[PDB]
Amino acid sequence: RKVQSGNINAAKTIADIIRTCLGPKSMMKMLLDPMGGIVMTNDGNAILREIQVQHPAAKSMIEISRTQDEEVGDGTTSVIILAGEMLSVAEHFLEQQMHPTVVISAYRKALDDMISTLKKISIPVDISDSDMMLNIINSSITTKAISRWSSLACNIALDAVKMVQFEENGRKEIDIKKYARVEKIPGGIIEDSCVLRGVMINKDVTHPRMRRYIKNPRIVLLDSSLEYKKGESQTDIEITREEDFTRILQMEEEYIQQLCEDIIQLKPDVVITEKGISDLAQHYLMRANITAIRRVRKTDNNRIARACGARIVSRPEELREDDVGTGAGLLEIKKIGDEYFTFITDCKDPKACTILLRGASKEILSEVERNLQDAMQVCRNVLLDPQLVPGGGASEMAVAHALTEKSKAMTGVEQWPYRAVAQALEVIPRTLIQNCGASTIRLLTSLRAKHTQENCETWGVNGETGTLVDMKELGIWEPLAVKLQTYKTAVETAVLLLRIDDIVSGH
Amino acid sequence: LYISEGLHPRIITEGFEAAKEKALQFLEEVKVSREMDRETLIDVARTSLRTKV
Amino acid sequence: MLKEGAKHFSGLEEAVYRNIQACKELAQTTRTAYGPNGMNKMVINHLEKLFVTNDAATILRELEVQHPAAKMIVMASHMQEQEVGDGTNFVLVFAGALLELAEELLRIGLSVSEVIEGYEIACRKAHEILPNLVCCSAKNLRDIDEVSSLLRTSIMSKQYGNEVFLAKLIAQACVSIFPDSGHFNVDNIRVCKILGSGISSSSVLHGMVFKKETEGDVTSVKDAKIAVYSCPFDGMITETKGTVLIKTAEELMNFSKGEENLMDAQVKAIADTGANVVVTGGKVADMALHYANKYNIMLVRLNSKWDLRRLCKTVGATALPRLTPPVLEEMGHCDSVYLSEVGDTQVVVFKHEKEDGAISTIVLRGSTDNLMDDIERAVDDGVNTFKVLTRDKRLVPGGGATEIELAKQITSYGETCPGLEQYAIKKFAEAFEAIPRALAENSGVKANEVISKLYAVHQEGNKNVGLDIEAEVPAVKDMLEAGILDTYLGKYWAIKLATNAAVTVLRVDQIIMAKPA
Ligand SMILES: Nc1ncnc2c1ncn2[C@@H]1O[C@H](COP(=O)(O)OP(=O)(O)O)[C@@H](O)[C@H]1O
Ligand SMILES: Nc1ncnc2c1ncn2[C@@H]1O[C@H](COP(=O)(O)OP(=O)(O)O)[C@@H](O)[C@H]1O
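Sequence-order numbering is used: residues on each chain count from 1 as written, possibly diverging from the entry numbering, and only residues with coordinates are shown. Lettering of chains starts at A and numbering of ligands starts at 1, both following the order in which they are written. Scope of values: limited to the chains shown, which are part of a larger assembly. To obtain the side-chain values, all non-hydrogen atoms of the structure were included, while hydrogens and water were left out.

In terms of determination method and resolution, the entry is listed under cryo-EM at 3.1 Å.

Dropping the structure here:
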């Protein structure tokens, strides 16, 4: 029994790195470069990403933390600390007789009891009014950021969140990552950011000749199968001589005539094209009562695949009679600013609005981007479950007390690991007290003696002074799903690290 | 020296911020105006040249 | 550096390290015993005989330690040995458990004053709650089986094979003198060793018993006053050699006649002064035994320092190893001296009991001299356990059934008073779980399941783990009807001495320097 010890040693070594980086009064780490550089930062994720280890358990924990940060976005630091504490309090004390069997059942029972206690303590909330949501967002975002234009940004983010939801059918699916981006354009007053349809068009449309103005037509986008290819599936035609180049014009004319005879009744406009631009064929194409655009990047592809819904397949002609393009859509090339902008309004797949902000340099861009990101993340974490829990260090004490009471009432045989895993939940209050700068023994004793009278479970420790205060007068609340996900991830990591036998090599 | 004696950096930072605020208030209250002319600029340039060359 | 001269490793860091590891290593070489088990250890010192012992008293009396932390416990051990009969390993185990449980509290970050106060409070609570688990009591001490059961229970801790005959013999020897009521002495019972048959042929006899032969006559009179001497038959006339072969017969005959006349005058003066018998402690001679047979004077043969020391400390005489015939100044109180034939050996019997201060001497016999030591140890332990100086012993169900109850009571009491005094109370309560663990680990099975079973049945306080195979895993037995009880005052004194030793150890803990020459 030496592999588990070597695994928990590396686990505790990894966990004892970013332990003093929690709370408003956190420390700052510094990393030196081998060439002669030094960078100081207080971000645990940056230190975890810039680290290089060699143990498989450390890499697995890093991957788990990265997955937890990418899936949720809040609560990717205390998981490793809790896992290391549970390991050091369980395996480093209850493995002298070598019995790795009842520990898994004890962990499962403790997880079930913690889930039941956290579910039987939540309070309901209403989502009718908007002032309470804004107040909750402002209270949860007051961490380490500027305070000057946070109200307007949070209001715009809440409006975008309430407007981007449309995929409801019983499962409540919310997607804002690949469904709402950010646009930037300098010039003008900074007090005009709002929401708009948002079309990724800058300098892609090129009209050498002056034609008619676009008012409110019916644009029906097709596919991208008109480049430097050899045809459909045979090599009968190849772009090699000028005769083939001038026959390509007649071929495209015949193709557009076949398309018009097939399924052209709303008169589309521009079409997606990757290759194909000249000074003679483009004139004939424009004269053929059709237009074509080029210069398409990944952003335009994502926009036409999300908002419009354009797919990629080997089928340019003969499509569905009612595929895309259903509704009156205006496309006026406005001259506001200095670049060409399109405002495709009222078309297919609505509720896909983006933001419109006019700042200045790149600092304003970065700050509004991070503000929108954190506000949208907070709104998504809050709207996912209308249940709040008083954080700060009040629910963990009640959970530990309930677990101890259940263990004393059941009077079982495996009560020692249960008590060990129940008493290993007071790490966050101890760390907060240590970061505040006070006694970690007398304060803990007072908090333990206070959480046992009658109806007292909202008394936590202030993160700025170092005294016990009720949560009903401060205003520190956390969502419910985040704590459950954190506990489940910690339990799964402990189970995975506890079920490791021998390690060998292979192919 | 105060850390080796036994204290916390948070109290030291708070005291330093309070002292900085007090010094800023004292400098704002102790300032005085003066009519800009030719002798003042001459003396300023002379002091600058003496401190440089 | 400034005080020590590179001799000791003391300073501001050995408080929770060097001062606990020594006691832990000292107590680690003792948990192997404690209980009816066969864990004999050989002792080699200066006798050069290679003998195996089982009790920790002889083990600690031969080991030489060079540490003050280890020497601070042998004093309490000797005090407990001088106070009551048994009780030695309990104090050491309690001190070791207390130190091992206080090491964690010291490593966490707590002062020693709070721990000392909590330990004192827990000890006071235990002493207050102790007089509450009294079950059986002593009825009449004039019976036989009533004390025989207790003697058997006390002997079962040492010898496991034979324990009924020895207990019955000790009970018969103790009931033939005086009971616990009134006055009862301890140094009035002697143990003699006879090299003959086995231990299945022992007996009892009241009075003095000594293995001394007699080459004279049976003197059964009351005027035969004793007269102890050092070496009266040594050599009052030193003879040298003149030539190489032989000297003149005239001078040798004259010297022999002179020596014979001198010894005849000496024995005549020692017999006419009021002393019919004489205690000699030297060699013998042909003319000596001839005169002893023709003068009706009892002559001994076997001599031993212990015999004369006992005769001097009992009667009150003084040996006079002089050449000139002295005066009679060794008058004692003995008068009835008889001879008996036991095991084809001549033994003496002294009769001088006036219904006050009676003495007794049990007859012991074994194979070799390396087997009677354990028998004598068991006998003296049972004798010391029989003495309690009280009519009602107030026996409690020992063996570990009361330790769990005391620990549970201390745990229930500690969960009431708030403050920083609960950790020491919890540690003192958990330290009581060191007796069943050592008894279960020295048998053949584990100790966690035994503790769980003892804590899962009920809080009756009369359940303990047995010794057979059918009582190791379940460990559900009632020791009240079997006859396994312990001393009430002994456990109290042991707990008090253990608490005092722990307090003394936790107090003196700083820097150990030296002394100038
Ligand atoms: N004003 C406050 N009062 C009490 N506790 C606070 C206060 N502000 C922050 N905290 C605590 O500080 C902790 C900060 O955690 P955080 O570092 O954001 O976790 P993560 O790094 O996983 O996002 C929170 O758990 C919260 O309970
Ligand atoms: N036959 C037995 N049954 C149950 N318990 C026993 C038996 N013999 C001894 N013990 C227990 O072993 C412990 C140690 O006994 P003993 O060796 O006489 O004292 P010490 O260990 O102080 O020398 C006692 O507390 C007693 O309860």
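Novice: Give a detailed account of the overall build of chain C, specifying residues and quantitative values.
Specialist: Within chain C one finds 16 helices and 7 strands. Radius of gyration: over C-alpha atoms. The globule rule applied is 2.2 Å multiplied by the number of residues raised to the 0.38 power. Over its C-alpha trace chain C gives a radius of gyration of 31 Å, far above what one expects of a compact globule, namely 24 Å for 517 residues. Expressed as lengths along the three principal axes of its C-alpha atoms, the size of chain C is roughly 100 × 65 × 40 Å. Note on exposure labels: buried denotes an accessible area under 20% of the residue type's maximum, exposed denotes more than 50%, and partly exposed covers the range between, all computed with a 1.4 Å probe on protein chains only. For chain C, buried positions account for 37% of its 517 residues. Should any heavy atoms of two residues lie within 4.5 Å, those residues are considered in contact. A separation threshold of at least 6 residues defines the contact pool for chain C, and within that pool the share at least 24 residues apart is 74%. Accessibility throughout is a Shrake-Rupley quantity obtained with a 1.4 Å probe, and a residue counts as covered only by protein chains that appear here. Put simply, chain C shows about 30700 Å² of open surface, and 56% of that area lies on carbon and sulfur atoms. For this count, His and the chain ends are skipped, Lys and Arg are scored as positive, and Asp and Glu as negative. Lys charges are placed at NZ, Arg charges at CZ, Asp charges at CG and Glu charges at CD. One way to put it: in chain C the 55 positive side-chain charges average out to a point 2 Å from where the 69 negative ones average out. Each helix is a run of H or I in the DSSP string that is no shorter than four residues. Each strand is a run of E no shorter than two, and both are numbered from the N terminus.

Novice: Which residues make up the site of ligand 1, and what values do they have?
Specialist: All names here are of chain A. Near ligand 1, the surroundings consist of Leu 22, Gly 23, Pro 24, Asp 74, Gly 75, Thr 76, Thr 77, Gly 392, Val 461, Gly 463, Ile 476 and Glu 478. In protein, a polar contact means a hydrogen-donor-capable atom and an acceptor-capable atom, both N or O and within 3.5 Å, with residues adjacent in sequence counting only if both atoms are side-chain atoms; elsewhere, any N or O pair within 3.5 Å suffices. For ligand 1, an oxygen atom lies 3.0 Å from a polar atom in the side chain of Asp 74. The contact in question runs from an oxygen atom of ligand 1 to an N or O atom on the side chain of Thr 77, over 3.1 Å. With the chains in place, 70% of the 580 Å² that ligand 1 exposes on its own is no longer accessible. A molecule or strand has a residue near it when one of that residue's heavy atoms lies within 4 Å.

Novice: An account of the interface of chain A and chain C is needed here, citing residue identities and associated values.
Specialist: Taken together, the contact between chain A and chain C spans 7 residues of the former and 8 residues of the latter. Buried area: the accessible surface (1.4 Å probe) lost by two parts on joining, summed over both. Counting each side, the surface lost to burial between chain A and chain C is near 600 Å², with a carbon and sulfur contribution of 56%. Together, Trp 416, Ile 441 and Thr 445 of chain A form the three largest contributors to the area buried by chain A at its contact with chain C, with a combined 58%. Salt bridge criterion: a side-chain nitrogen from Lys or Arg within 4 Å of a carboxyl oxygen from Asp or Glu. Among the salt bridges present, the one from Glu 415 of chain C reaches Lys 408 of chain A, with a minimum N-O distance of 3.7 Å. Counting across the chain A and chain C interface gives 1 residue pair in polar contact.

Novice: Pulling in residues and values, what's your account of the sheet that holds strand β5 (residues 336-342) of chain C?
Specialist: Residue and element names in this part refer to chain C. The strand order β4-β6-β5 describes an open sheet built from 3 strands, whose pairing is antiparallel. Each edge of the open sheet is held by one strand with a lone partner, namely β4 (210-211) and β5. In the sheet, β5 pairs with strand β6 (residues 345-351) via 7 bridges, with the strands oriented antiparallel. Across the sheet, residue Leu 339 finds its bridge partner in β6, namely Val 348. DSSP bridges decide pairing: two strands pair if at least two such bridges lie between them.

Novice: Any details on the UniProt feature "binding site: Mg(2+)" in chain C? Residues and values, ideally.
Specialist: The feature "binding site: Mg(2+)", as given by UniProt, occupies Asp 86 of chain C in the numbering adopted here. Along the chain, the position of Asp 86 of chain C falls in the loop between α3 (68-83) and α4 (89-108). UniProt positions are given in the numbering used here, feature names are shortened, and annotations may be inferred rather than shown by experiment.

Novice: Explain the nonpolar core residue by residue, including any values.
Specialist: Among soluble globular proteins, nonpolar side chains are generally buried collectively. Remark: nonpolar core denotes a set of buried residues (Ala, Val, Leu, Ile, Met, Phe, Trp, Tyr, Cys) joined through side-chain atoms within 4.5 Å. The biggest cluster of nonpolar side chains holds 35 residues, and the ones touching the most others in it are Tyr 107, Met 114, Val 399, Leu 403, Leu 425 and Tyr 487 of chain A. For this core, the secondary structure elements donating two or more residues are α1 (3-15), α4 (78-90), α5 (102-119), α12 (395-410), α13 (415-422) and α17 (481-498) of chain A. Of all the elements, α4 of chain A adds the most residues to this core, at 8 residues. Not counting the four nearest positions on each side in its chain, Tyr 487 of chain A is found in contact with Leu 82, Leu 111, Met 114, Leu 118, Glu 396 and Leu 425 of chain A. The next biggest cluster of nonpolar side chains, apart from the first, holds 24 residues, and it includes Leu 101, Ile 116, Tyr 119 and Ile 435 of chain C.

Novice: Explain the domain arrangement of chain C to me, and be specific about the residues and the numbers.
Specialist: What fixes the domain bounds is an automatic or database domain assignment. According to the domain assignment, chain C consists of domain 1 (16-137 + 394-513), domain 2 (138-206 + 358-393) and domain 3 (207-357). A straight line from the C-alpha centre of domain 1 of chain C to that of domain 3 of chain C covers 55 Å.

Novice: Can you explain empty space enclosed by the protein? Please cite residues and give values.
Specialist: Residue and element names in this part refer to chain C. Think of a 1 Å grid over just the protein atoms. A cavity is a set of points where a 1.4 Å probe fits yet cannot get out, a pocket is an open set with protein on both sides within 12 Å along at least five of seven lines, and lining residues have an atom within 4 Å of a point. Grid points are joined across faces, edges and corners, and a volume is the space filled by probe spheres set on the points. Here the structure, examined in full by the defined rule, presents 15 cavities of 30 Å³ or more. Of the voids in this model, the largest cavity is the one considered here, and its volume is about 120 Å³. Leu 130, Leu 133, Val 396, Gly 398, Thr 402, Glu 403, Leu 406, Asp 486, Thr 487, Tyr 488, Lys 491 and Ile 495 are the residues that line the largest cavity. At the level of secondary structure, the elements contributing two or more residues to the lining of the largest cavity comprise α12 (401-414) and α16 (488-507). Under the grouping applied here, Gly and all other residues not named as nonpolar or charged are polar, the nonpolar ones being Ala, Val, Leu, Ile, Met, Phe, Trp, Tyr, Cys and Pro and the charged ones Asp, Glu, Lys and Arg. For the lining of the largest cavity, the per-class residue count stands at 6 nonpolar, 3 polar and 3 charged.

Novice: Give a description of a nonpolar patch on the surface that names residues and reports values.
Specialist: Residues and elements named next belong to chain A. A contiguous nonpolar patch, built from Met 28, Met 30, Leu 32, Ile 38 and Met 40 and spanning about 620 Å² of accessible area, is present on the exposed surface. Breaking the nonpolar patch down by element, the ones donating at least two residues are β1 (29-32) and β2 (38-41). Take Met 30: it is sitting in strand β1. On the basis of relative accessibility, which here comes to 52%, the residue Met 30 falls in the exposed class. For patches, a residue must show more than 30% relative accessible area and have no salt bridge; joins then use 9 Å for like charges and 5 Å for nonpolar side chains, namely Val, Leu, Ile, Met, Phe, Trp and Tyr.

Novice: Tell me about a negative patch on the surface, and name the residues and values.
Specialist: A cluster of acidic side chains, namely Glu 35, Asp 37, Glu 39 and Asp 43 of chain B, defines a negative patch on the protein surface. With respect to the helices and strands, the residue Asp 43 of chain B is situated in helix α3 (residues 39-52).

Novice: Describe in detail the arrangement of the chains, supporting the description with residues and values.
Specialist: Take the 2 pairs of chains in contact: the one carrying the most contacts is chains A and C. Spatially, chain B and chain C are disjoint, and the shortest separation between their C-alpha atoms is 17 Å.

Novice: Now, about the pattern of salt bridges: what can you tell me, with residues and values included?
Specialist: One pass over the structure, following the stated rule, counts 22 salt bridges over all chains. Measuring nitrogen to oxygen at the nearest pair gives 2.9 Å for the salt bridge that ties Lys 31 of chain B to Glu 28 of chain B. Judged by relative accessible area, which is 60%, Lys 31 of chain B ranks as exposed. In this structure, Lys 426 of chain C and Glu 415 of chain C form a salt bridge, with 4.0 Å as the shortest nitrogen-oxygen distance. Of this pair, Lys 426 of chain C sits in helix α13 (residues 422-430) while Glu 415 of chain C sits in the loop between α12 and α13, placing them 11 residues apart in sequence.

Novice: So what about the UniProt feature "binding site: ADP" in chain A? Which residues, and what values?
Specialist: Residues and elements named next belong to chain A. Those residues carrying the UniProt feature "binding site: ADP" are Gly 23, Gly 75, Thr 76, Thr 77, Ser 78, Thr 143, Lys 144, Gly 392, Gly 463, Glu 464, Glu 478 and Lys 483 in this numbering. These annotated residues cover 461 residues of sequence, and their C-alpha atoms reach 23.0 Å apart at the extreme, placing them across more than a single site. By relative accessible area, which is 8% here, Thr 76 ends up buried. Contact partners of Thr 76, with chain neighbours within four places excluded, come to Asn 45, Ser 65 and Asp 69. In this structure the side chain of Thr 76 is engaged in a polar contact, spanning 3.0 Å, whose partner is the backbone oxygen of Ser 65. Residue position: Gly 392 is located in the loop between β6 (387-390) and α12. Not counting the four nearest positions on each side in its chain, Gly 392 is found in contact with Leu 432, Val 461, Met 471 and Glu 478.

Novice: Can you lay out the packing of α5 of chain A against α12 of chain A for me, pointing to particular residues and giving the numbers?
Specialist: All names here are of chain A. Put simply, α5 and α12 touch, their axes get as near as 10 Å, and they point 125 degrees apart. When the axes of α5 and α12 are compared, the pair comes out oblique. Considering only the axes of α5 and α12, their crossing is right-handed. Of the residues in α12, those touching α5 at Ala 110, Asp 113, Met 114, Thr 117 and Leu 118 are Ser 395, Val 399, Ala 402, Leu 403 and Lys 406. In the contact of α5 with α12, the residues fall into 6 nonpolar, 2 polar and 2 charged. The axes are straight lines fitted to the C-alpha atoms, using for helices just the contacting stretch, and the angles between their N-to-C directions are given from 0 to 180°. Oblique is the label for any angle not covered by the other classes, which are roughly parallel (under 35 degrees), roughly antiparallel (over 145) and roughly perpendicular (65 to 115). Here a crossing is taken to be left-handed if its near helix is turned anticlockwise relative to the far helix by less than a right angle, and right-handed if that turn runs clockwise.

Novice: Before we move on, could you go through a positive patch on the surface and cite the residues and values that matter?
Specialist: Positive charge collects at one region of the surface, where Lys 305, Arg 309, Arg 310 and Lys 313 of chain C lie side by side. As for its placement among the helices and strands, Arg 310 of chain C is situated in helix α10 (residues 305-314).

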